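In order, the protein sequence lines correspond to chains A, B, C and D.
First residue of the first sequence? That's 1 in this note's numbering, and the numbers climb one at a time after it.
First residue of the second sequence? That's 1 in this note's numbering, and the numbers climb one at a time after it.
First residue of the third sequence? That's 1 in this note's numbering, and the numbers climb one at a time after it.
First residue of the fourth sequence? That's 1 in this note's numbering, and the numbers climb one at a time after it.
Virtual Cβ for every residue (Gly too), placed ideally from N, Cα, C.
Report on the structure given below.
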Amino acid sequence: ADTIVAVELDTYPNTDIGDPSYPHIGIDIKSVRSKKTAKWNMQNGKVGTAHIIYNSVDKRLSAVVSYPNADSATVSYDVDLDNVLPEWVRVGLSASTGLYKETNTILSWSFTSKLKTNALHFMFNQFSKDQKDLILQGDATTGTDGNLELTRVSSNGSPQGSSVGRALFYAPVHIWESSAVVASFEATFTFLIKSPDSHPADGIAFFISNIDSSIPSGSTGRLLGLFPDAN
Amino acid sequence: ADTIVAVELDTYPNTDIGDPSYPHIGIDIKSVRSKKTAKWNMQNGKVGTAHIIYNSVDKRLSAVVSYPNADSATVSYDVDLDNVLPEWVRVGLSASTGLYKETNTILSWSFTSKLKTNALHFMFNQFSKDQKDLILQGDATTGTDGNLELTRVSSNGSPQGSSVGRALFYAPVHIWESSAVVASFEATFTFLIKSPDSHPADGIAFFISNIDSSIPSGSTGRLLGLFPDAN
Amino acid sequence: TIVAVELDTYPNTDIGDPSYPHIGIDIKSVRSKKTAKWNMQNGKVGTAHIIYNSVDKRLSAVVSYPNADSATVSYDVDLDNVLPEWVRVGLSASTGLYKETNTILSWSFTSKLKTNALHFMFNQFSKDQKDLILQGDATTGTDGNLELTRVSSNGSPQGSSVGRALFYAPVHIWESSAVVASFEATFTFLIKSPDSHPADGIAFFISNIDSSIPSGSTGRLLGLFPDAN
Amino acid sequence: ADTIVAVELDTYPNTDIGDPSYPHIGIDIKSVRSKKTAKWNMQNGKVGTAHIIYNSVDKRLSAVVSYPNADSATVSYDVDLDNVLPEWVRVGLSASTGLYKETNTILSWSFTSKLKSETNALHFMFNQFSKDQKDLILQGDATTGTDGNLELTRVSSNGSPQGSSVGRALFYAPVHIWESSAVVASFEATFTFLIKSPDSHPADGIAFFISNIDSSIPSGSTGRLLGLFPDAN
Ligand SMILES: OC[C@H]1O[C@H](O)[C@@H](O)[C@@H](O)[C@@H]1O
Ligand SMILES: [Ca+2]
Ligand SMILES: [Ca+2]
Ligand SMILES: [Ca+2]
Ligand SMILES: [Ca+2]
Ligand SMILES: [Mn+2]
Ligand SMILES: [Mn+2]
Ligand SMILES: [Mn+2]
Numbered sequence: 001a002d003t004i005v006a007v008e009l010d011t012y013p014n015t016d017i018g019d020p021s022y023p024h025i026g027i028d029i030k031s032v033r034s035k036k037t038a039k040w041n042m043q044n045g046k047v048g049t050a051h052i053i054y055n056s057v058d059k060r061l062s063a064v065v066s067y068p069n070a071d072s073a074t075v076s077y078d079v080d081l082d083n084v085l086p087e088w089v090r091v092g093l094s095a096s097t098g099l100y101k102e103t104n105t106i107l108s109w110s111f112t113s114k115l116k117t118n119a120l121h122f123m124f125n126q127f128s129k130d131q132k133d134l135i136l137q138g139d140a141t142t143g144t145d146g147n148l149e150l151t152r153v154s155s156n157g158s159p160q161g162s163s164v165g166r167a168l169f170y171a172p173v174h175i176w177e178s179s180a181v182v183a184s185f186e187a188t189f190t191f192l193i194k195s196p197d198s199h200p201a202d203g204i205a206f207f208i209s210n211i212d213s214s215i216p217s218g219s220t221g222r223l224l225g226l227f228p229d230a231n
Numbered sequence: 001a002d003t004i005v006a007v008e009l010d011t012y013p014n015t016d017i018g019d020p021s022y023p024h025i026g027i028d029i030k031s032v033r034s035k036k037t038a039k040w041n042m043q044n045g046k047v048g049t050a051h052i053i054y055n056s057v058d059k060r061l062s063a064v065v066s067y068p069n070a071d072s073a074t075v076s077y078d079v080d081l082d083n084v085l086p087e088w089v090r091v092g093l094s095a096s097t098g099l100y101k102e103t104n105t106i107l108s109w110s111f112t113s114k115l116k117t118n119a120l121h122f123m124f125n126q127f128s129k130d131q132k133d134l135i136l137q138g139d140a141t142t143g144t145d146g147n148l149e150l151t152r153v154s155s156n157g158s159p160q161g162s163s164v165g166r167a168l169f170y171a172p173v174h175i176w177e178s179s180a181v182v183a184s185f186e187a188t189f190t191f192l193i194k195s196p197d198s199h200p201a202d203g204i205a206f207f208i209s210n211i212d213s214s215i216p217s218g219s220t221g222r223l224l225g226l227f228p229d230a231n
Numbered sequence: 001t002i003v004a005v006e007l008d009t010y011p012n013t014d015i016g017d018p019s020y021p022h023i024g025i026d027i028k029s030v031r032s033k034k035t036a037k038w039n040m041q042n043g044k045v046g047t048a049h050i051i052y053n054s055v056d057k058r059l060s061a062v063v064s065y066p067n068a069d070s071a072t073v074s075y076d077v078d079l080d081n082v083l084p085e086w087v088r089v090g091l092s093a094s095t096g097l098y099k100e101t102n103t104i105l106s107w108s109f110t111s112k113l114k115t116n117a118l119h120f121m122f123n124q125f126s127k128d129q130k131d132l133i134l135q136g137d138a139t140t141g142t143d144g145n146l147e148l149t150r151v152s153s154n155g156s157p158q159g160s161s162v163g164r165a166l167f168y169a170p171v172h173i174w175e176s177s178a179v180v181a182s183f184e185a186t187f188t189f190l191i192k193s194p195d196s197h198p199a200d201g202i203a204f205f206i207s208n209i210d211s212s213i214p215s216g217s218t219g220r221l222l223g224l225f226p227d228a229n
Numbered sequence: 001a002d003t004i005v006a007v008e009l010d011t012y013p014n015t016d017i018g019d020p021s022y023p024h025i026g027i028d029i030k031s032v033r034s035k036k037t038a039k040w041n042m043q044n045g046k047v048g049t050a051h052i053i054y055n056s057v058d059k060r061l062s063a064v065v066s067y068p069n070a071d072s073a074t075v076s077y078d079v080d081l082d083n084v085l086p087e088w089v090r091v092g093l094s095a096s097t098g099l100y101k102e103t104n105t106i107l108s109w110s111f112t113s114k115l116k117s118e119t120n121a122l123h124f125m126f127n128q129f130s131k132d133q134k135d136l137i138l139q140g141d142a143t144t145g146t147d148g149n150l151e152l153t154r155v156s157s158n159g160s161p162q163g164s165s166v167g168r169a170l171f172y173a174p175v176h177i178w179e180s181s182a183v184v185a186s187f188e189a190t191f192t193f194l195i196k197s198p199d200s201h202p203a204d205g206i207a208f209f210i211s212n213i214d215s216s217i218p219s220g221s222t223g224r225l226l227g228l229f230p231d232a233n
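Quick look at the structure:
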C-alpha cells in the first residue's frame with residue numbers, strides 16, 4: 001500500500017521480472033519493474049558514487065553512478081512527481097540480498113530539497129552507532145567503521161544472504177507543493193558493494209515514500225526492500 | 001525533567017525573578033534566570049531578526065537581535081554545551097503570554113548545525129497549514145498568512161493572555177560528539193511582536209532541548225514555555 | 001559567444017520576436033532558439049530562475065510574479081559545444097526608442113563541477129562592489145540596487161541605454177572529465193515604464209571572460225549581440 | 001606594504017624571531033611574530049586539515065588543525081578585523097621553504113564569507129585543482145594540476161621538495177570582508193594539506209591569509225617569512 005519512487009542500483013538481473021540481462025541502474029515509479037534502465041558496470045569491492053537529481057521545471061528524474069577512472073552510467077526519465085507522490089514524504093536508502101549476496105555499505109549520504117524558499121539539507125559522511133536522525137528498518141545498522149550497513153554483515157566482514165534493511169531520514173520532506181514556483185531535490189551517496197561469490201545480489205536504492213513507509217514482508221532479494229511483489 | 005538552553009527575547013520584566021527592569025535579551029542555561037542579559041529596545045509592531053551562534057572552539061553562545069535602522073542588542077556567554085546538553089537534541093522556538101500579552105509571530109526560521117563533516121540545515125520562509133517537519137506544542141499554529149503563531153491570536157488579529165506554544169524541528173540534531181574536531185550551529189529567525197495596549201508580554205525564545213522535550217506544566221507567563229519553575 | 005535567457009519586454013517582429021513579451025533562450029543570436037509568452041507586469045517585482053545540468057543538457061528558465069502564473073521555457077543544448085570551458089556570468093539590460101527601469105534587487109548563482117563549487121549571492125548591492133564588473137550604463141548602490149540601465153535622480157528610465165554586470169571571478173562551466181556539471185541563477189527585478197511601450201528587457205548571460213558590450217547593442221540587441229543575425 | 005592577517009601552520013621554530021621552540025600554529029596580525037600560538041604536533045607525510053573561523057559578533061579569529069586519530073591543535077585570538085583590514089580583500093594560501101624543506105601540498109580548499117545589514121555571501125570549494133585554474137591567482141613557485149593538487153612550493157619530478165621556495169594562490173574575486181552597515185559578518189575557511197620532508201626539522205610552513213586585493217609576494221619572504229611578510233618586525 002506504500003507509494004514508492006526509487007533509483008535502483010540493481011546488481012542482479014532478474015529477467016523473469018523484466019530486468020535487462022546485465023547489472024543496471026533504473027528508475028522505479030510504483031513498481032520494481034523500472035520504467036527506464038541503463039547498463040551498469042558494477043565494480044566489486046570498489047567505492048562508487050550515485051547522484052540523483054530532479055526539478056519541477058523539467059519534470060525529469062536523473063541518476064548518474066560512477067567509479068573513479070571508469071565511464072559512468074546514467075539514466076533519466078520524464079515524470080512529474082506531483083502526480084505520483086504525496087506532498088510530504090520520507091527519503092531513504094534501501095538494500096537487499098537473496099540467494100546471492102553482497103555488502104550494501106553506505107559511506108556517505110547527502111540530500112537537499114528546495115521549495116520556492118523553504119529548504120532541507122542533510123549530510124552524513126560518518127554514521128554513528130546511535131544515529132537518532134535516521135530511522136533504521138530491518139537489518140540496517142550504523143556505526144561499524146562509521147558506516148551504514150543496510151544489510152547484514154558478519155564480524156569477519158562477510159555479507160549474509162536474504163537480508164533487507166533501510167535507513168530513512170527522520171524528518172518529513174515537503175517534496176512538492178501546487179503553490180510553489182520551483183521544487184527540486186538532489187541526493188548523493190557513496191557505497192561499497194563487495195561479494196565473496198562472483199555473483200553479487202541484489203542492489204541498493206535511493207527512494208522516496210509515504211512518511212509511514214515500512215519494509216514490506218518478503219521484500220528480500222529482487223524486491224530491494226521496496227515492493228511487496230514483482231508487479 | 002527537561003534540559004534547556006535558550007536565548008530569550010524577554011518583553012516583560014519580572015523583577016521578582018531576577019529579570020532586569022527593562023525588556024532584555026538573555027542566555028538561559030537550565031534556568032529562566034538568565035546567565036547574561038542585555039538591554040533590548042523592543043519595537044512594538046516592527047519585524048525583528050535574531051541571530052544565534054555557537055562553536056565548540058570558542059565555546060561561546062552569542063545572540064544578536066536587530067530591527068532595520070536601529071542599533072542591535074547583543075549578548076554572549078561562555079559555556080561548554082558538551083557539559084550542559086545531551087549529545088542529541090531538538091531545536092525550537094517558544095513563546096508565552098500571561099496577564100499581559102502580545103502576538104508572537106514568526107515569519108521565518110533557519111538553522112544550521114555542523115559536526116566534523118556531518119550537517120543539518122533547514123530554512124522556513126513560509127509556514128503551511130500542515131507543516132509536517134515541525135512539532136507544534138501547546139497553542140502554536142501554522143498557516144495564518146503563511147506564518148507561525150506561537151501563541152493564541154483571535155480571528156480579529158488580537159493576542160490572548162495565558163497562552164504558551166512551541167515549534168520544534170522534527171529531526172533530532174547531533175549537537176556535540178567527543179570524537180569531533182569542531183561542532184557549530186547557528187539559527188536565525190524573524191519575528192513580529194505586536195500588543196494593542198502598552199505593556200506586552202511575555203516573550204520569544206530560541207531553544208535547544210532533550211529530544212523528547214515538552215512544554216512544562218504551568219509554564220505560561222514568565223516561564224516562556226521553557227521551565228517548570230523559576231529556580 | 002553568448003548563452004542567455006532573455007526577459008524580452010518588446011516585440012521586435014522585424015527580427016523574429018513573437019508579437020508579445022516573451023522569455024527566451026538565446027544561443028549565440030538574439031533570435032531565440034525557444035520562446036514563451038510572458039505576462040510581464042509593469043512595475044511589480046519579478047523573479048527569474050535559471051537552471052542547467054550536464055546530465056539532462058537542458059537550459060530551463062522560469063519567470064514569475066507573486067499571485068500570477070509563471071512563464072517557463074526550456075531548450076536542449078550541450079554547453080560543451082557552445083561555450084569555452086571558462087566563462088563569466090552576468091546580467092545585461094537595454095533601452096532604445098522605448099525604455100523601462102532595468103533594476104536588479106538581487107542575484108545569486110551557483111555552479112558545480114563533479115566536487116568544485118562557486119556560489120555567490122547579492123541581496124544588497126553597494127556603491128563600489130568590487131566583485132562585480134560594471135559595463136556601460138550599469139550602476140550600483142542607489143537604494144542598494146543594481147541599475148543595469150540609466151535612471152534619473154527621481155527614478156525615470158532613459159532611452160538608448162545599455163549596461164551590464166558580470167561576476168569578477170571566472171566560472172568553470174564545463175570540463176570534459178566531469179561526472180556532473182550544473183549551474184543555477186536567480187535574480188529578482190523591477191521593470192517599470194511610464195506607458196505601455198516598455199523596452200527592451202533584461203538577460204542573464206554567459207560569455208567569454210573578456211566579454212564587453214558589443215558596439216551598437218542598445219535596444220533590441222539587449223547588450224548581448226553585435227548584429228541581429 | 002601589504003596588510004596581512006594570517007593563520008600560520010609553522011613547521012619550523014625560528015626562535016631568534018619569536019617562535020616558540022616547537023612546531024606551532026599561530027595567529028598573525030600584520031607581523032610574522034604571532035599574537036598567539038599553540039603547540040602543533042605536525043605529522044610528516046600524513047594528511048592534515050585546518051579550519052579557520054571568525055565572526056563579527058565575538059571578533060575572535062580561531063583555528064583548529066588536526067590529523068586523523070590525533071588530538072587537534074587550536075588557537076584563538078581576539079581581534080576586530082574591521083580595524084585591521086580594508087573592507088575588500090583577497091584570500092589566499094601561502095607557503096615557503098628555506099634551508100630546510102617540505103612539500104606544501106594542498107589537496108582541498110573551501111571558503112565562505114557572509115555579510116548582513118538579507119545577506120551577501122561568497123562560497124568556493126576546490127577539491128581538485130586543474131592545470132589552468134583561472135579562478136586562482138598563482139604567485140611565485142605555486143602550481144596546480146599535478147595529481148589535481150595545488151603545490152604552493154617547488155617539488156622536483158621525482159616528488160622531492162626544494163629549499164628556498166615560495167608560492168601562493170589567491171581566489172580571483174575580491175571578498176567583502178566587513179562593512180560599516182553590517183549586522184553580522186563572518187567567514188570560515190577549510191584546507192587539507194600534506195607536508196612531507198626528508199629532513200629531521202621540516203620547514204617552513206603553510207598559511208591561510210587575508211590581504212589587500214593587490215597583494216604580491218614581498219621580496220625576501222622565503223623561509224621563515226612564509227611568503228607573507230617583507231621582514232620579521
Ligand atoms: O539474490 C539473487 C536472487 O536470488 C533469488 O532468485 C531471489 O532471492 C531473488 O529475489 C534474487 O534476485
Ligand atoms: Ca534485480
Ligand atoms: Ca520576563
Ligand atoms: Ca525584443
Ligand atoms: Ca617559523
Ligand atoms: Mn532492476
Ligand atoms: Mn528574562
Ligand atoms: Mn611562527
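In chain order, what residues of the same chain have a beta carbon less than 8 Å from the beta carbon of residue i, not counting five sequence neighbours either side?
i, result
"A:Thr3", "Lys30, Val84, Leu85, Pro86, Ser209 and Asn210"
Could you spell out where the beta strand (DSSP E) holding residue i opens and where it closes?
i, result
"C:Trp107", "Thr103 to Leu113"
"A:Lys39", "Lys36 to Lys39"
"A:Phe127", "Looking at the DSSP string, A:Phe127 is not in any beta strand (DSSP E), and its letter there is neither H nor E."
"A:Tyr12", "Element bounds for A:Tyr12: n/a, residue is neither H nor E."
"A:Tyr54", "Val47 to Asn55"
"B:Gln43", "First-last for B:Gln43: undefined, no H or E at that position."
"D:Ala73", "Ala73 to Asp78"
"B:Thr141", "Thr141 to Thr144"
"B:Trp88", "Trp88 to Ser96"
"B:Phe169", "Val164 to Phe169"
"A:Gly161", "A:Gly161 -> no beta strand (DSSP E), and no H or E assigned at all."
"C:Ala61", "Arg58 to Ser64"
Could you pull out every residue in the same chain whose Cβ sits closer than 6 Å to the Cβ of residue i, ignoring the five residues on either side in sequence?
i, result
"A:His51", "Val64 and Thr188"
"A:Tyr77", "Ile27, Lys35, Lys36 and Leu61"
"C:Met40", "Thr9 and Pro21"
Skipping 5 residues on each side, what residues in its chain have a beta carbon closer than 7 Å to that of residue i?
i, result
"C:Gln129", "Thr140"
"D:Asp141", "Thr153, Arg154, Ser165, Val166 and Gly167"
Please compile the residues from chain A whose C-beta is within a distance smaller than 8 Å of the C-beta of residue i.
i, result
"B:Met42", "What B:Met42 touches in chain A: nothing, since even the nearest Cβ is about 28 Å away."
Determine the chain D residues that contact residue i at a beta-carbon separation under 7 Å, and present them in chain order.
i, result
"B:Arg60", "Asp58"
Run through chain C and tell me which residues come within less than 8 Å of residue i, C-beta to C-beta.
i, result
"D:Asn127", "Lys114, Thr115 and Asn116"
Find the residues of chain D that neighbour residue i, judging by a C-beta separation of less than 8 Å, and give them in chain order.
i, result
"C:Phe109", "Under the 8 Å cutoff, chain D gives no residues; its nearest Cβ is about 11 Å from C:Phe109."
Taking 9 Å as the threshold (C-beta atoms), are residue j and residue i in contact?
i, j, result
"C:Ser193", "C:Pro157", "yes"
"A:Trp109", "A:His174", "no"
"D:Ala169", "D:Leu150", "yes"
"D:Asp80", "D:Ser56", "yes"
"A:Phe127", "A:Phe169", "no"
Quiz prompt | Entirely enclosed beta strand (DSSP E) segments - the region 188-216 of chain C, minimum 3 residues | solution = Within the region 188-216 of chain C, the complete beta strand (DSSP E) runs of at least 3 residues are 201-207.
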